[PDB]
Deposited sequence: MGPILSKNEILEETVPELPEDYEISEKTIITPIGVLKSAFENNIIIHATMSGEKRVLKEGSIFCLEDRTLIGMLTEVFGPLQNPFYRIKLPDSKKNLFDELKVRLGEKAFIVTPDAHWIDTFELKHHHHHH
């Protein structure tokens, strides 16, 4: 599985592409509801380039998938921050 350093920040230049809506946060999982050309290892972020993390699992029906991003323990602070931002548009870095 793949993991993201802490000082990794999405540069303000890079292209960001809308992908879905942050819908859920439990147990260090972040759930995004699909709304868009995705990879293994694609990185999700919010519009302000707050980095969410890397795709862990795709589930739900093919038409409107749900994406699950599992954060590691070291990323608890980030989890709590996202927990509180449910409903914001999520994006996939390219």
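Missing from the model, relative to the deposited sequence, are the ranges 1-14, 50-54, 114-131.
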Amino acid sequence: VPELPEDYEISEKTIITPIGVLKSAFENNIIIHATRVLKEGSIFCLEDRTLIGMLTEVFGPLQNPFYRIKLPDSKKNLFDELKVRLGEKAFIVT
From here on, numbers count along this sequence of modelled residues.
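Two stretches are in play, 37-45 and 62-70, and the higher mean C-alpha B-factor belongs to 37-45. In the deposited entry, the Cα temperature factor of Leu55 places it in the lowest third of its chain's modelled residues. Per the deposited record, the Cα B-factor of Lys83 falls in the middle third when ranked against the other modelled residues of its chain.
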